[PDB]
Every structure is written in C-alpha cells, then in structure tokens.
K.L.:
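Could you have a look at this structure, given as structure tokens, before my questions?
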Amino acid sequence: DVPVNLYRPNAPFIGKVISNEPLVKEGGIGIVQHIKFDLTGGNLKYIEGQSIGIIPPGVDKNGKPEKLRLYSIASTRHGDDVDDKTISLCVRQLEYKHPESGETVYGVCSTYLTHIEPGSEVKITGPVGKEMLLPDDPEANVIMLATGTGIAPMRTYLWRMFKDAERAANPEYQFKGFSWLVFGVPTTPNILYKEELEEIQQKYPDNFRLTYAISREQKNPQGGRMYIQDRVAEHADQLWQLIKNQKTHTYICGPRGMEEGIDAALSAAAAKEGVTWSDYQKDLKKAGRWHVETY
Ligand SMILES: Cc1cc2nc3c(=O)[nH]c(=O)nc-3n(C[C@H](O)[C@H](O)[C@H](O)COP(=O)(O)OP(=O)(O)OC[C@H]3O[C@@H](n4cnc5c(N)ncnc54)[C@H](O)[C@@H]3O)c2cc1C
C-alpha cells in the first residue's frame, strides 16, 4: 500500500523546479529553502513522513559521479497546492569550518538545491521510508520533536491535519486528537514556516500546541541557551503522561544530537512511576509508535 521506490538511482524521475523560496528571514542564521518540484509526466506518488533522493550533477574529488542525497518530504501527499501534481523539500545549505581543506566549505547537493532556478530539471528518486508514517486514526495523539530542517515531516503531518484544503480533500481523516510540536532553531527569523504554524495554533488551540526553543533568544533554568531537550525536560511529566496513551505516537527528526537529552528527561519522568523508559521505549518502537529520523 505504501508507495516505495517508484523511481531508483539508475533511472530517476526527471522533475522540474516550480519554485525556490527562502524560509530564513532577515537576521536569521544560514539559508534554508522551500523547493517545489513538478511531478507531472511521471507516476511518483508518496505519503507523509517519507523522503526522496536528489542526485546532484558533477563528480566528486575522485572524479566519480555524485550519489543521491536524501531529503525529508515537506509536502503532504497532495502537494502544497493540493492538486497531487507536486512535491516539496525543506533544504538547508550546508557550510562549515576551515579544518576541512580551505576556508568555508559548501555541501554539494544542498548548495545545488538552495540555488536552483525555476524551470531546471532535477533527478529525483524514491519515495523511501516507512519509519515516519502518520497513523490513520483521527483520534491519535502526535508528539513532534524537531530541530531545524527536521520540521519537514512535521509540516506534512500538520498540513494534512489542519489545512482547510487538506481536510476537504481527506474525508476519511478529520483529525480530532492532540498534536504538540516542540521546535528548536537559533533565532525567531529561523523559525521555518512560522506564520503558518502559528496560524494553525490560533485556529486549533485545543488540538495543536506549539512550543519553541530559540537558542539565541532564550535561556534554560541553568542559564544555558534554550534547546529542545530543555523544553522536553520542562514538560517531561506531561509528555510522559501523553506517551502512556495507547494511541499516542512520537516523532523525532533533524540533525543528530537531540535524542540523548530527550531520553534523560523522559527517563526521569517515567522513573517516578516505577517505569524504565529505555525499556518502555523499546516496546514503543516495536509497536511502531516511537518514530525517529536523525541525520
Ligand atoms: C532520511 C534523511 C532525511 C534528510 N532530510 C533532510 C531535509 O529535509 N533537509 C535537509 O536540508 N537535509 C536533509 N538531510 C541531509 C541531506 O541528505 C544531506 O546530507 C545534506 O543536505 C548535505 O548534503 P550535501 O550534498 O549538501 O553535502 P556533502 O557535500 O556530502 O557534504 C557532507 C559531507 O561533508 C562533511 N560535513 C558535513 N557537515 C560538516 C561539519 N559541520 N564539519 C565538518 N564536516 C562536515 C561530511 O563528510 C558529510 O558526509 C536528510 C538526511 C537523511 C539521511
């Protein structure tokens, strides 16, 4: 049922860029772009939580063709225009320190994508992944813990759950549960999709809670910069209580380095009721209710 590998690296789908828009507002750190691709002409279908591969042009330092890089799909199965004709990505331009031969280094595929022009053809593969799928149950609770581009799959979930056009297109999925997004970024201008996320919280105050962890603007009780792990610790008992519900699902996504703090917080909460989080978590993973995609 779940679409998988409709297009593979040896014969990718050739899509066309429709738009490439900035998500980081002035005063923010780095570059993160929302890129929408045209899927007409092919049969690439996908669902929320999946990823697609992008094969950038050029050869590596060894003269070998560049391989695909995976990106979390940022649009619902219907696409941003709810027409089943497109797919979108949330791409950060990778750039780092000097200790890597040279001054500032720029990632190959991410630089290619963030600077791509509308009308350009792109090699797409996939979709792939069955790790971050949303339950079909409209009454399930969904906890979303993300940092930076990890917001991508969360956008697919939230749009499907709360966009007027999505609700009209998905008769069988009228979400009535509770969703809680804890989103961490360095600055307010870095809050990806800020306007729309807050619009959703304003319309669905009882079905969606939005919590931010803005490192350069907030301090945790210890005096350090505020990170998602700090917000999880702050609401550890609540999150644990929600996780105990047989229908609750939790999703973690974004650059690695977030899980350790999250487990420490939940472990302390569960321990108060004589439960070993690490064991409870293993059962949740086995049951398909604890979803993780870090990179
Ligand atoms: C399932 C999955 C989903 C993903 N989803 C997304 C998404 O939605 N959005 C998104 O932007 N990315 C996403 N990523 C990451 C993405 O696939 C690419 O890894 C990333 O975009 C960088 O690729 P590149 O081609 O730009 O870099 P490359 O040109 O391959 O550069 C990366 C390499 O350079 C080195 N490097 C990277 N950072 C540093 C650093 N700070 N210091 C030193 N060396 C470093 C490493 O050797 C790394 O292998 C996802 C990854 C996975 C696995």
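By convention here, the first residue in the shown sequence is residue 1. Computation of the quantities below employed the complete heavy-atom set of this structure, encompassing side-chain atoms and omitting hydrogens, waters and symmetry-equivalent molecules. Just follow the structure's listing: the first ligand is 1, and inside any ligand the first atom is 1.
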K.L.:
Does the protein come close to atom 47 (O) of ligand 1 - that is, does one of its heavy atoms sit below 4.0 Å from that atom?
P.N.:
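Under the 4.0 Å cut-off, atom 47 (O) of ligand 1 has no protein heavy-atom neighbours at all.
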K.L.:
Regarding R167 and the six-membered ring of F175, is the cationic atom NZ or CZ under 6.0 Å from the ring centre and inside 45° of its axis?
P.N.:
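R167 over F175 ring: no.
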K.L.:
Which option, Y112, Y106, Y71, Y96, owns the non-hydrogen atom nearest atom 18 (C) of ligand 1?
P.N.:
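Heavy atom nearest to atom 18 (C) of ligand 1 belongs to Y71.
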K.L.:
Could you work out, for atom 4 (C) of ligand 1, the closest of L70, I73, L68, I54 by heavy-atom distance?
P.N.:
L70
K.L.:
Under 6.0 Å between ring centres, would you say that holds for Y280 and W290?
P.N.:
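No, they do not, as the ring centres are separated by 6.0 Å or more.
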K.L.:
Under 4.0 Å from any heavy atom of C90, which atoms of ligand 1 are there?
P.N.:
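So the answer, numbered in order with elements, is 7 (C), 8 (O), 9 (N), 10 (C), 11 (O).
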K.L.:
Starting from atom 26 (O) of ligand 1, find the nearest protein heavy-atom neighbour and note its residue, name and distance.
P.N.:
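Among all protein heavy atoms, the one nearest atom 26 (O) of ligand 1 is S110 OG, 2.5 Å.
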K.L.:
Using only heavy-atom distances, determine whether the side chains of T149 and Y295 contain a donor-acceptor pair under 3.5 Å.
P.N.:
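Side-chain D/A pair, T149 to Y295: present.
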K.L.:
Please tell me whether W180 and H235 form a close aromatic pair, meaning their ring centres lie under 6.0 Å apart.
P.N.:
yes
K.L.:
Considering only heavy atoms of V108, which atoms of ligand 1 have at least one such atom less than 4.0 Å away?
P.N.:
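Listed by number with element, the hits are 24 (P), 25 (O), 26 (O), 27 (O), 29 (O).
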K.L.:
Can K36 and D81 be said to form a salt bridge (charged side-chain N to carboxylate O under 4.0 Å, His left out), step by step?
P.N.:
CA-CA 10 Å; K36 189 168 65 184; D81 310 299; 2.9 Å; yes
K.L.:
Does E196 have any salt bridge (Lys or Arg N to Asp or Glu O under 4.0 Å) partners at least two apart in sequence or in another chain, and if so, which?
P.N.:
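For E196 the salt bridge (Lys or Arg N to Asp or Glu O under 4.0 Å) partners, ignoring immediate neighbours, are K163.
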K.L.:
Are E273 and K244 close enough for a salt bridge, meaning some N to O gap below 4.0 Å?
P.N.:
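A salt bridge is present here (some side-chain N lies under 4.0 Å from a carboxylate O).
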K.L.:
Strictly less than 4.0 Å: does any protein heavy-atom distance to atom 33 (C) of ligand 1 fall in that range?
P.N.:
no
K.L.:
Could you check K194 against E198 for salt bridge (charged side-chain N to carboxylate O under 4.0 Å, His left out), going step by step and ending with a plain yes or no?
P.N.:
CA-CA 6 Å; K194 181 180 184 301; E198 307 190 330; 2.7 Å; yes
K.L.:
Using heavy-atom distances only, which candidate in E131, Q50, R92 approaches atom 11 (O) of ligand 1 most closely?
P.N.:
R92
K.L.:
State the atoms of ligand 1, each with its element, that fall below the 4.0 Å cut-off from a heavy-atom position in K97.
P.N.:
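In order of number, 42 (N), 43 (C).
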K.L.:
Could you check atom 22 (C) of ligand 1 against the protein and tell me its nearest heavy-atom contact, residue, atom and distance included?
P.N.:
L94 CD2, 4.1 Å
K.L.:
For atom 30 (O) of ligand 1, what is the nearest protein heavy atom, given as residue, atom name and distance?
P.N.:
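Checked against all protein heavy atoms, atom 30 (O) of ligand 1 sits closest to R69 NH2, 3.3 Å.
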K.L.:
Compute the shortest N/O to N/O distance between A152 and ligand 1 and return yes if it is under 3.5 Å, no if not.
P.N.:
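No: no nitrogen or oxygen of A152 is under 3.5 Å from one in ligand 1.
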K.L.:
With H34 as reference, evaluate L192, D80, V91 under the side chain to side chain contact (heavy atoms under 4.5 Å, CB included) test and give the passing residue.
P.N.:
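Going through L192, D80, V91 one by one, the side chain to side chain contact (heavy atoms under 4.5 Å, CB included) with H34 is satisfied by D80 alone.
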K.L.:
What is the closest protein heavy atom to atom 8 (O) of ligand 1, and at what distance does it sit?
P.N.:
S72 N, 3.2 Å
K.L.:
Could you check atom 53 (C) of ligand 1 against the protein and tell me its nearest heavy-atom contact, residue, atom and distance included?
P.N.:
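So the nearest neighbour among protein heavy atoms is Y295 CB, 3.8 Å.
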K.L.:
Using a 4.0 Å cut-off to any heavy atom of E293, which atoms of ligand 1 qualify?
P.N.:
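The atoms of ligand 1 under 4.0 Å from a heavy atom of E293 are 1 (C), 2 (C), 3 (C).
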K.L.:
Which atoms from ligand 1 have a heavy atom of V91 less than 4.0 Å away?
P.N.:
11 (O)
K.L.:
Taking only residues two or more places apart in sequence or in another chain, which ones pass salt bridge (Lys or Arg N to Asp or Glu O under 4.0 Å) with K219?
P.N.:
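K219 satisfies salt bridge (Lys or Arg N to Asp or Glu O under 4.0 Å) with no other residue.
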